[PDB]
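Worksheet for the structure shown next.
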Amino acid sequence: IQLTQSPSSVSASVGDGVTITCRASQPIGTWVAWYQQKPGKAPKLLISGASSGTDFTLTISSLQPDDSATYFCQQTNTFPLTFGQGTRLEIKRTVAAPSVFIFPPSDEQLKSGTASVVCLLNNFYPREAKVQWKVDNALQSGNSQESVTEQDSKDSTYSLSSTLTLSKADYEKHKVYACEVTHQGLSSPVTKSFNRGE
Amino acid sequence: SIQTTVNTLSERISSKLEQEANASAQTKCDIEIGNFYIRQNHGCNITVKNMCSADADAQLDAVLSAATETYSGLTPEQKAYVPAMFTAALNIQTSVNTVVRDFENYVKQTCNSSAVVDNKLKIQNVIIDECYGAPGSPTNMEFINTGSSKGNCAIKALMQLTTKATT
Amino acid sequence: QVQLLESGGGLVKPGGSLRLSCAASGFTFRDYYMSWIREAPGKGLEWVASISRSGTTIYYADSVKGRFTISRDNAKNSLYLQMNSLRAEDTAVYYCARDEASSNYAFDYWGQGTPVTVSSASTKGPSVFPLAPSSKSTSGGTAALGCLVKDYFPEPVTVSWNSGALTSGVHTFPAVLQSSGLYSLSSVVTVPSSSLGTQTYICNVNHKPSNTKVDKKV
């Protein structure tokens, strides 16, 4: 019944191997099926079995950047049909640095009473990136929110979108807004800044 | 009476199918029973229980092994009623000494025929011609779905016999 | 050519009710165990129900038992899952699949997915603000523009650029839920710097729970 999937996170480069295991509790037999869920898409099947069952493995070998997804296992004969924890595969890349772009608030937001400055860190690998915000050369904290995309099916790269939500008053009280980005691929932090206006 | 000997049979079929075919009530079925009509029932509550599995040959062997095991346990005057049950349900004229093989030989040669192995209709239907029972307590029976057309064929064959005992 | 279109999901309050439907096409519906599977936001693929080829043997899970009801009409080739007495734990994306009776029991085809969010809050349409094509840049200076879907509930919204024409460099980020209880999204695109003047860049945000279609130029 209870299927215990390991490893929960594995990552190997193109042309190398990964091993995913669906260790079960009760003998399930030969009835195990494996499923792939592309990021943000309906799950799709890869392999199946039919006619012990405590341990089972899946080895995906000729890895292509198109195989970055989440993988699940399932008991396909006995109810309750239970799935596994799920394993996320990440295909590795040469270390790539973020394309940092800063966007100033919309005059439309300026009228609403809130202002949000967005810092886009585009196409980069690995996921780990430190985005620290500076207002007039001063650290702004507790108001910043960021979102990271899933790995790309082509560039094996992520993307980030920091969001600095301030009040219209607190925006008009300052002019220099920056975005300091510290990444692995970079030698020194790339600090894009805009000055109010222009 | 009759119900006491059918209940052990309906529970030997279930057990043998679980250790000899690794079956369960939670297990998916290749073929399911759609409608169980009994032309003329009078005291037979026949429910369809799903105990499906994969080895169609082992289902047939399990029900046969269960049918025979229940037959030896019958008393010498009780096992004398059986040759009439065949002749009423299958028109196979048999005797007390010739029952067990002639059942097997019917089941093995009829339920492995191409007409029952190649049905490809997943929703099947069971038609029992006759069944009788008392008003206060009706004879209580079960059609164990084995999951296959050939194994269910053996159940229907066994079922056709037991429903002919009430008369 | 098989497909399974889901319909009926959306926003309801706790204790609410939705009848999710699954329209089948391309096979013999009469010959497949049809099922319904739920993927909770972020984590978890979980089974909800499964029905047989005749609807005589119905199996459910323990979390959705006694509340949900599965059914089927094989002539209109549909599968339904009535979700009564809902609670917050049942907020998820609901898929319908076809267990492989004819082949090896497994879900060979799934459906797009209908989202169900169960909360006591109320709908709030988004306000879309253009992240302008500011020349400010690092790696390539290749034009960077986008839109900002902000202050909306519930999730998701469908951001499409140039009404389906634009797909290169388009990024639609996971929506962060800010302190208000509402959502914030940013959808940027990396476009060639040359074609700023000639091409019209428009983001077509859609929020069906609030019937709030918005197209904004950048």
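Letters A, B, ... go to the chains of the structure tokens in the order shown; residues in each chain start at 1; ligands are counted from 1 in the same order.
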>> Could you go through chain B and tell me which residues DSSP, when run on the backbone, assigns to strand (DSSP E or B), listing them as a ChimeraX atom specification?
In response: /B:27,32-37,40-42,44-50,123-127,130-132,139-145
>> Show me, as a list in words, the residues that have an atom within 12 Å of residue 87 (chain B) when counting only C-alpha atoms, minus same-chain residues fewer than 3 positions from it.
In response: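 The filter keeps residues 81, 82, 83, 84, 90, 91, 92, 93, 94, 95, 99, 102, 103, 160, 161, 164 and 165 of chain B.
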When you look at residue 28 (chain A) with a cut-off of 10 Å (counting only C-alpha atoms), what residues show up, excluding the ones that are within fewer than 5 positions of it in the same chain? I need them as a compact mmCIF listing (two decimals) with N, CA, C and O atoms, in the first residue's frame.
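The file below, part10.txt, is the result:
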```txt
# COMPACT_ATOMS: atom_id res chain seq x y z
N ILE A 1 0.84 -1.19 0.00
CA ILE A 1 0.00 0.00 0.00
C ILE A 1 0.87 1.25 0.00
O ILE A 1 0.95 1.95 -1.01
N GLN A 2 1.53 1.55 1.12
CA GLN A 2 2.34 2.76 1.21
C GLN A 2 3.64 2.55 0.44
O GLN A 2 4.44 1.67 0.77
N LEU A 3 3.83 3.38 -0.59
CA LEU A 3 5.00 3.37 -1.46
C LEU A 3 5.92 4.51 -1.07
O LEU A 3 5.48 5.67 -1.00
N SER A 52 7.32 -10.80 -4.89
CA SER A 52 7.53 -9.84 -3.82
C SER A 52 7.01 -8.46 -4.23
O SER A 52 5.83 -8.31 -4.55
N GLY A 53 7.89 -7.47 -4.21
CA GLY A 53 7.48 -6.13 -4.58
C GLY A 53 7.85 -5.11 -3.53
O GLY A 53 7.34 -3.99 -3.54
N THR A 54 8.81 -5.46 -2.67
CA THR A 54 9.20 -4.52 -1.63
C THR A 54 10.06 -3.41 -2.22
O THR A 54 9.88 -2.23 -1.88
N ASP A 55 11.01 -3.76 -3.08
CA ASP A 55 11.82 -2.78 -3.77
C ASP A 55 11.61 -2.84 -5.28
O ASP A 55 11.38 -3.91 -5.85
N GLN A 75 0.85 1.96 -7.26
CA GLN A 75 0.25 0.63 -7.19
C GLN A 75 -0.93 0.60 -8.16
O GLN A 75 -1.92 1.31 -7.96
N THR A 76 -0.85 -0.23 -9.19
CA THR A 76 -1.85 -0.18 -10.25
C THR A 76 -2.86 -1.33 -10.24
O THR A 76 -3.64 -1.44 -11.19
N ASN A 77 -2.83 -2.21 -9.25
CA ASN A 77 -3.81 -3.29 -9.21
C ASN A 77 -4.70 -3.29 -7.97
O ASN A 77 -5.86 -3.69 -8.07
N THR A 78 -4.19 -2.87 -6.82
CA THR A 78 -4.91 -3.00 -5.56
C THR A 78 -5.37 -1.63 -5.08
O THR A 78 -4.58 -0.69 -5.02
```
Show me, as a PDB file with N, CA, C and O atoms, in the first residue's frame, the residues of chain B whose atoms get within 6 Å of chain A, using only C-alpha atoms for the distance check.
```pdb
ATOM      1  N   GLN B  26     -10.102  -5.987  -3.464  1.00  0.00           N
ATOM      2  CA  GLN B  26      -9.584  -4.695  -3.885  1.00  0.00           C
ATOM      3  C   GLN B  26      -8.875  -4.772  -5.225  1.00  0.00           C
ATOM      4  O   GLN B  26      -8.261  -3.786  -5.644  1.00  0.00           O
ATOM      5  N   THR B  27      -8.989  -5.883  -5.935  1.00  0.00           N
ATOM      6  CA  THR B  27      -8.175  -6.099  -7.117  1.00  0.00           C
ATOM      7  C   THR B  27      -8.990  -5.926  -8.389  1.00  0.00           C
ATOM      8  O   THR B  27     -10.133  -6.386  -8.478  1.00  0.00           O
ATOM      9  N   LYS B  28      -8.379  -5.281  -9.378  1.00  0.00           N
ATOM     10  CA  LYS B  28      -9.088  -4.912 -10.589  1.00  0.00           C
ATOM     11  C   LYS B  28      -9.441  -6.150 -11.401  1.00  0.00           C
ATOM     12  O   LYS B  28      -8.811  -7.205 -11.296  1.00  0.00           O
TER      13      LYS B  28
END
```
>> Report, in Å to a single decimal, how far apart CA of residue 69 (chain A) and CA of residue 38 (chain A) are.
In response: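 One can read the CA of residue 38 (chain A) to CA of residue 69 (chain A) distance as 4.7 Å.
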> Which residues of chain A are close to chain C, meaning at most 6 Å apart when you count only C-alpha atoms, and how do they look as a list in words?
Replying inline: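 Using only C-alpha atoms, chain A residues at most 6 Å from chain C: residues 42, 76, 99, 100, 101, 147 and 149 of chain A.
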Selected residues written out, C-alpha atoms, as a compact mmCIF listing (two decimals), in the first residue's frame:
```txt
# COMPACT_ATOMS: atom_id res chain seq x y z
CA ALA A 42 -0.87 16.95 -16.58
CA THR A 76 -1.85 -0.18 -10.25
CA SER A 99 20.61 38.46 -16.83
CA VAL A 100 19.60 41.10 -14.26
CA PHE A 101 16.92 43.59 -15.33
CA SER A 147 9.40 33.69 -7.36
CA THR A 149 10.54 29.29 -12.29
```
> Quick one: which residues from chain C are at most 7 Å off chain B, using only C-alpha atoms, as an MDAnalysis selection string?
Replying inline: chainID C and resid 31 54 101
Residue selection dump (N, CA and C atoms) as a PDB file, in the first residue's frame:
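As written to disk, again31.pdb reads:
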```
ATOM      1  N   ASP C  31     -15.426   0.303 -21.919  1.00  0.00           N
ATOM      2  CA  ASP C  31     -14.411  -0.721 -21.696  1.00  0.00           C
ATOM      3  C   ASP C  31     -13.253  -0.267 -20.813  1.00  0.00           C
ATOM      4  N   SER C  54     -19.258  -0.421 -15.679  1.00  0.00           N
ATOM      5  CA  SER C  54     -20.706  -0.320 -15.571  1.00  0.00           C
ATOM      6  C   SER C  54     -21.168   0.595 -14.445  1.00  0.00           C
ATOM      7  N   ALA C 101      -7.828  -0.800 -18.949  1.00  0.00           N
ATOM      8  CA  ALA C 101      -8.407  -2.155 -18.901  1.00  0.00           C
ATOM      9  C   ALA C 101      -7.844  -2.972 -20.045  1.00  0.00           C
TER      10      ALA C 101
END
```
> What is the CA of residue 89 (chain C)-CA of residue 117 (chain C) distance in Å, reported with one decimal?
Replying inline: 9.3 Å
>> If we count only C-alpha atoms and set the cut-off at 7 Å, which residues sit around residue 22 (chain C), ignoring sequence neighbours fewer than 3 positions away in its own chain? Please answer as a list in words.
In response: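 Counting only the stated atoms, we get residues 4, 5, 6, 7, 78, 79, 80 and 96 of chain C.
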Can you write just those residues out, N, CA, C and O atoms, as a JSON list (two decimals), in the first residue's frame?
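To be explicit, this is the file written out as selection-v4.json:
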```
[["chain", "number", "residue", "atom", "x", "y", "z"],
["C", 4, "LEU", "N", -9.72, 13.87, -22.80],
["C", 4, "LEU", "CA", -10.56, 13.94, -21.61],
["C", 4, "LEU", "C", -10.58, 15.39, -21.15],
["C", 4, "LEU", "O", -9.60, 15.88, -20.59],
["C", 5, "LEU", "N", -11.69, 16.08, -21.41],
["C", 5, "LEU", "CA", -11.85, 17.48, -21.01],
["C", 5, "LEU", "C", -12.58, 17.52, -19.68],
["C", 5, "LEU", "O", -13.68, 16.97, -19.54],
["C", 6, "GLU", "N", -11.97, 18.18, -18.70],
["C", 6, "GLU", "CA", -12.57, 18.37, -17.39],
["C", 6, "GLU", "C", -13.34, 19.68, -17.37],
["C", 6, "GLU", "O", -12.99, 20.64, -18.08],
["C", 7, "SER", "N", -14.40, 19.73, -16.57],
["C", 7, "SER", "CA", -15.13, 20.98, -16.42],
["C", 7, "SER", "C", -15.87, 20.97, -15.10],
["C", 7, "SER", "O", -16.18, 19.92, -14.54],
["C", 78, "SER", "N", -19.25, 10.50, -20.33],
["C", 78, "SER", "CA", -18.80, 11.41, -19.30],
["C", 78, "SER", "C", -18.59, 10.67, -17.98],
["C", 78, "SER", "O", -19.14, 9.60, -17.73],
["C", 79, "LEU", "N", -17.78, 11.31, -17.15],
["C", 79, "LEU", "CA", -17.45, 10.89, -15.81],
["C", 79, "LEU", "C", -17.62, 12.11, -14.93],
["C", 79, "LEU", "O", -17.24, 13.22, -15.31],
["C", 80, "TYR", "N", -18.20, 11.92, -13.75],
["C", 80, "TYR", "CA", -18.48, 13.04, -12.87],
["C", 80, "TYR", "C", -18.00, 12.70, -11.47],
["C", 80, "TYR", "O", -17.97, 11.53, -11.07],
["C", 96, "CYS", "N", -8.82, 13.71, -14.62],
["C", 96, "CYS", "CA", -9.52, 12.46, -14.92],
["C", 96, "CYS", "C", -8.71, 11.62, -15.89],
["C", 96, "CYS", "O", -8.10, 12.15, -16.83]]
```
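Compared by their closest atoms to residue 159 (chain B), and using only C-alpha atoms, the residues B:67, B:111, B:62, B:56 rank with B:67 nearest.
Closest approach to residue 70 (chain B) among B:12, B:39, B:101, B:150 is made by B:12 (distances from only C-alpha atoms).
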>> Can you tell me which residues surround region 125-139 of chain B at a distance of at most 6 Å, considering only C-alpha atoms, apart from same-chain residues fewer than 3 positions away, and format the answer as a list in words?
In response: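 Near region 125-139 of chain B, the qualifying residues are residues 3, 33, 34, 35, 36, 37, 38, 39, 40, 41, 42, 43, 44, 163 and 166 of chain B.
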